[PDB]
6 protein chains.
Amino acid sequence: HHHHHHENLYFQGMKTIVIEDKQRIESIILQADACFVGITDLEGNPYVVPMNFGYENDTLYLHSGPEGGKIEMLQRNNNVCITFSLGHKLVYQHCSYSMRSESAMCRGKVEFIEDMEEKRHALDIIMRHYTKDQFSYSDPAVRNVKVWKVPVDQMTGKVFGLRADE
Amino acid sequence: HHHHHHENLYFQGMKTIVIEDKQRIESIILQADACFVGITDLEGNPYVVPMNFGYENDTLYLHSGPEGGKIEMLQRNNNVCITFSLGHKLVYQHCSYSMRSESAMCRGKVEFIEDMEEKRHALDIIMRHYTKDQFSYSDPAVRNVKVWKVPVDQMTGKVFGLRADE
Amino acid sequence: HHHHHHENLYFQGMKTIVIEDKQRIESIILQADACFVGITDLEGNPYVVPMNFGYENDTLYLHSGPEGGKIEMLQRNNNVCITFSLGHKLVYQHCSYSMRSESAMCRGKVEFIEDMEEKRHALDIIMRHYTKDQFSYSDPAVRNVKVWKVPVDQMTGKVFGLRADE
Amino acid sequence: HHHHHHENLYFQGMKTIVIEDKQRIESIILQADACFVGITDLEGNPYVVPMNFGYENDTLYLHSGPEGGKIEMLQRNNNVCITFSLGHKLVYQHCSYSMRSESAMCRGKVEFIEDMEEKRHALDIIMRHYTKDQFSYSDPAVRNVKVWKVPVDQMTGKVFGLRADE
Amino acid sequence: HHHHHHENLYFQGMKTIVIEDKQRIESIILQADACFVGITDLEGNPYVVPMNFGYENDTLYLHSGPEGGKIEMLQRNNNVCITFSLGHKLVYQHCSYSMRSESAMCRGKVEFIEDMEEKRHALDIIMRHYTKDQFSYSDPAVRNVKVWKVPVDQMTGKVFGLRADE
Amino acid sequence: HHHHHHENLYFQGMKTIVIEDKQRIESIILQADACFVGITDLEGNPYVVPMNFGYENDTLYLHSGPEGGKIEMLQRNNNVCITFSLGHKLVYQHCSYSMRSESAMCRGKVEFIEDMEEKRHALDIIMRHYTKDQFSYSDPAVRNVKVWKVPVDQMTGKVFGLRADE
Ligand SMILES: Cc1cc2nc3c(=O)[nH]c(=O)nc-3n(C[C@H](O)[C@H](O)[C@H](O)COP(=O)(O)OP(=O)(O)OC[C@H]3O[C@@H](n4cnc5c(N)ncnc54)[C@H](O)[C@@H]3O)c2cc1C
Ligand SMILES: Cc1cc2nc3c(=O)[nH]c(=O)nc-3n(C[C@H](O)[C@H](O)[C@H](O)COP(=O)(O)OP(=O)(O)OC[C@H]3O[C@@H](n4cnc5c(N)ncnc54)[C@H](O)[C@@H]3O)c2cc1C
Ligand SMILES: Cc1cc2nc3c(=O)[nH]c(=O)nc-3n(C[C@H](O)[C@H](O)[C@H](O)COP(=O)(O)OP(=O)(O)OC[C@H]3O[C@@H](n4cnc5c(N)ncnc54)[C@H](O)[C@@H]3O)c2cc1C
Ligand SMILES: Cc1cc2nc3c(=O)[nH]c(=O)nc-3n(C[C@H](O)[C@H](O)[C@H](O)COP(=O)(O)OP(=O)(O)OC[C@H]3O[C@@H](n4cnc5c(N)ncnc54)[C@H](O)[C@@H]3O)c2cc1C
Ligand SMILES: Cc1cc2nc3c(=O)[nH]c(=O)nc-3n(C[C@H](O)[C@H](O)[C@H](O)COP(=O)(O)OP(=O)(O)OC[C@H]3O[C@@H](n4cnc5c(N)ncnc54)[C@H](O)[C@@H]3O)c2cc1C
Ligand SMILES: Cc1cc2nc3c(=O)[nH]c(=O)nc-3n(C[C@H](O)[C@H](O)[C@H](O)COP(=O)(O)OP(=O)(O)OC[C@H]3O[C@@H](n4cnc5c(N)ncnc54)[C@H](O)[C@@H]3O)c2cc1C
Ligand code: NI
Ligand code: NI
């Protein structure tokens, strides 16, 4: 493994570019291990919490314990902004340095699924994001989890390029 | 490379544990490539934006273009929640499956640094997070960037363990 | 990195499974760095040659010098079987050992594209398989390469599982 | 990890070079996870099938179920061309781009080993290519596999270099 | 993965630089998987033996069987030089080639811990260097190992840079 | 990537095994990035210094500045013990934990090559250990380096296995 170092790089733009292609945005979502869920707290300030997730058919699924911090907040305002990003890559253009990454952002409202069988279905979507293993859930386990359904009302993607030239 | 698959895993708890050790929380921050900045939007809903950053001496530094989306929001409410996380690891206990990750969260208020030399200093903290290369910034480049200073008022860390047993 | 060794494994089946999903077969093709081109030689015996390639719209593209070995053969019989495979993965089922891989196979006939502009187009499909860089081709370079077009008449995929149990 | 991209690359030669050194060709064979077996089908056209293998003392060993597709073909013509290749490497010469790989090719005739103990011996050569684990084979397992012995009559190696310059 | 090759590199200096920062030297020690223990043999010549180790609070811990080669030597001279190094990195300065690594060196004297409980404590420091797993040690296992304690009297670090220019 | 953790492991033996096969010992040497050179210091105590190296035909080659620390020592006693090791691997036997590595050790005497052309030859052996690039050496560069030749009088290899069982 090797590195390229420069003595005389001059900082320049960053430009973001919008990703239009829905499959490409979904690809980012599907590649991500965690997501960052923004919730407005009880004082009107941001709260960002990382969480595991599943995604299918314009819908995000999460799960948590049944209380409290983020739960109290969602009960007051259930609008969430869920953001995803993969690491940056470093690209040298031939000289020129560019550090590039991409992200997805989903906005929607949180429901807590109550039906026991719907909860299992959703829990399966979440687990399938991380393993091919078969999961069972006892009734008491399904009872002691809140399963979040977030139909995605707006889904966007962005490429960010941070640039420097010699 | 190899994988372990099970036919009969039963979902169980997730538990979060609080990370008290400040150096350990800072280690997470220092390991992270990007951070997820939560801002309350103009309607009171969450907006989470990934961004590059630097961290030193209980202070986060970011930079952006001088407008608009996130800028308009910060001008109305400059409280931000900035969250960091490293990938999950998979641990098999010997049977038992555990998927474990850790995160940091910083809460503080955003200033936009106006002094040209302070802006360069801060830009250096940000760049040093990603490379050892020396960056210069022309005056016009320093002018055309907003450099965000976020003294961290509360910094917390959390380990999350998602568990299943045979 | 770690390994699991067993003292008492008993060899069992191999089973192949057919992959029906065309996008999944194309995914294998798109993941592969090289392909293995089977040509019948002048005596009726197999000749398998690895080659770089591009794939779009049920068509494979290759390129070579304008002579000789494989060229003489194709001039007598231009039917080729082009095969692709990704490495094996090792999966332990929980005990049981399974070594699993997947492959694609395309059958079609080889044309040598003569039009200079068609040759460039095809050469672009091939290069785009390996890099995002822009390639130019002088006229003399386009002249001194044979560009193979292989419309795919049959495309199949297979998963192979080699199994052992304790 | 980083990438180098160019705006103005001009495609040039590919050259193959012959690898004379037998130990070097055997090294390629020994590094490979799978091999691509070319068989002439019943209509005289190529059939290329990937397969696992072992190699010792100028002899390749494979195994399969006792029927059918490739078996019917080998019963008509047991000449096979078995080809191996490792991934390409990318080399920048300092500018100049070169994508380089190497391959081996073995030509020989297929026997199906009938003696039960010879079959086990050969199966061991194959397994030792992939693991250090001890494999047993019940009699019924040895019965229900065809074990292919292919003394190698011609073994060749080739380095291929695909080149572009600025 | 890619490589950069040059036709016309001119060998130049190597320079070592002293690492003053104790935490940085300890970081090297903590990163290392093995250490190389120098012992003067019975004829006055060097003997360098690799070994696993633990490090805490300016003290190195090792363990071995209770005899013989290195044991006889230490009984005559228990001064040891224990050296650590991480792989080299390759850095291209933009042209210029630099191959850089770092090492730590600890000098101290070896005791063999006799108290059974002290031996377990030390064995724990060693194991914690390699895994988070809980180890037990039967009395007979603790008896049949020599546990080496080496208070570090001098600890130094060095960066070595091997350089070539175009 | 995943890990296996145990609650109840019992420490056991370490056993070393002697590696007899000269090609296998040379393979370890050839795989190593650095070597650890033991020299007896001026007081009769060990000094272990890491260094780059080349190996061909039972001979090790190193290079350094023309002074001082290790040079003064070698002028009094030019016997060196040069040791090599590759990382450990972790092997789970199926339960049982084994951490395994291998090392080589070469004993010989150090000459400093004086002839300018011999020095270049040797410097080439060293560089070829790390890159395929062509190195030149001006006369003044060859003058300002000591090139060490160490015909290997004894070369040995050892596998070390550190074991724990459930
Ligand atoms: C990548 C990864 C995946 C995760 N997946 C899930 C999951 O799917 N479901 C789930 O319930 N949890 C998950 N977690 C943890 C998730 O962030 C927790 O729900 C959260 O930490 C507890 O949520 P809360 O709002 O109820 O916290 P509370 O206990 O109500 O808040 C207590 C306080 O602790 C601090 N805090 C809370 N969360 C974090 C954070 N993670 N990092 C640093 N400080 C924090 C804040 O100061 C907060 O106000 C995951 C964590 C990681 C790192
Ligand atoms: C890891 C990485 C690092 C980055 N580092 C920086 C940096 O340090 N400084 C910086 O200014 N930018 C950075 N970006 C991009 C940062 O997220 C942008 O500032 C943001 O995308 C534009 O911000 P804004 O609020 O001004 O967007 P606006 O242009 O005001 O918003 C337009 C709309 O586009 C969508 N959108 C905005 N951001 C995203 C997002 N990134 N993902 C998906 N959809 C989005 C939303 O629907 C938004 O309302 C980075 C991006 C990545 C992925
Ligand atoms: C992965 C990789 C990618 C390649 N991509 C291309 C490409 O896209 N275009 C291209 O033209 N070539 C490519 N090659 C080389 C391709 O295999 C050559 O065209 C081939 O080696 C020469 O083809 P031929 O039939 O004209 O050989 P000839 O020179 O006519 O045959 C001479 C003899 O040498 C031996 N031989 C030929 N090919 C090989 C082989 N590769 N391995 C071992 N022995 C061999 C055989 O005994 C053969 O009969 C690639 C090679 C590798 C390893
Ligand atoms: C790397 C890896 C290693 C393998 N190792 C072995 C092994 O050692 N022994 C073994 O018996 N098999 C192995 N296989 C599978 C080997 O390719 C099968 O024997 C083959 O797929 C079935 O062979 P056949 O000629 O009897 O097929 P048949 O069932 O007779 O043919 C049916 C049809 O299915 C299609 N087809 C057949 N093979 C493939 C292929 N693999 N890819 C895409 N389409 C195909 C063709 O259209 C073919 O005509 C391996 C597969 C992979 C990917
Ligand atoms: C990285 C790794 C970690 C290790 N960790 C430990 C550990 O913590 N504790 C421990 O006791 N051992 C460990 N070993 C092995 C350690 O080097 C042995 O103690 C040593 O090999 C036997 O030591 P000795 O002086 O008692 O050898 P003896 O059996 O007394 O010497 C016999 C002769 O064999 C040769 N020889 C000895 N050691 C080596 C060597 N390793 N490489 C090549 N030839 C050799 C020499 O010619 C020596 O004179 C490790 C080995 C590796 C490679
Ligand atoms: C893997 C790597 C490869 C190297 N390859 C070479 C090479 O081939 N040629 C070469 O000349 N040097 C090389 N070095 C450095 C080699 O170890 C130096 O020669 C050495 O550091 C200076 O040697 P000396 O005996 O002349 O030191 P001196 O300057 O005479 O000693 C000064 C003091 O500094 C300390 N010290 C010396 N060496 C080290 C060490 N490396 N680690 C920690 N403290 C130390 C000791 O306390 C020593 O007594 C390499 C270093 C690394 C890490
Ligand atoms: Ni590079
Ligand atoms: Ni494992």
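No hydrogens, no waters, no symmetry mates; every other heavy atom, side chains included, goes into these values. Within every chain, numbering begins at 1; the chains are lettered A, B, ... in the order of the sequence lines, protein sequences first and strands thereafter.
Surrounding CD of A:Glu43 are at most 12 heavy atoms belonging to other residues, nucleotides or ligands under 6.0 Å away.
Under the 4.5 Å side-chain criterion, counting only non-hydrogen atoms from C-beta, A:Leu60 is not in contact with A:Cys35. Between B:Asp58 and B:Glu26 there is a side-chain heavy-atom pair separated by less than 4.5 Å. Within the 4.5 Å cutoff, no side-chain heavy atoms of A:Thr131 are placed close to those of B:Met99.
The main-chain N or O of C:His6 is found under 3.5 Å from a side-chain atom of D:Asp133 such that the two form a donor-acceptor pair. Under a 3.5 Å cut-off, the side chain of C:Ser85 and the backbone N or O of C:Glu102 do form a donor-acceptor pair. Panel note: side chain B:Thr16, backbone B:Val159; no donor-acceptor pair is recorded below 3.5 Å.
Between F:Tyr97 and E:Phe135, the ring planes lie perpendicular to each other; the angle is over 60°, past the 30° to 60° tilted range. The aromatic rings of C:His4 and F:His4 sit perpendicular to each other, their planes meeting at more than 60°, with 30° as the lower class boundary.
Ring pair C:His2/F:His2: centre-to-centre distance below 6.0 Å. Side-chain rings of E:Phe53 and E:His129 approach one another, their centers coming within less than 6.0 Å.
The residues A:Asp115 and A:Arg120 are annotated as not salt-bridged, no charged nitrogen and carboxylate oxygen being separated by less than 4.0 angstrom. Checked for salt-bridge contact, A:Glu118 and A:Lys149 miss the test: no charged N lies under 4.0 Å from a carboxylate O.
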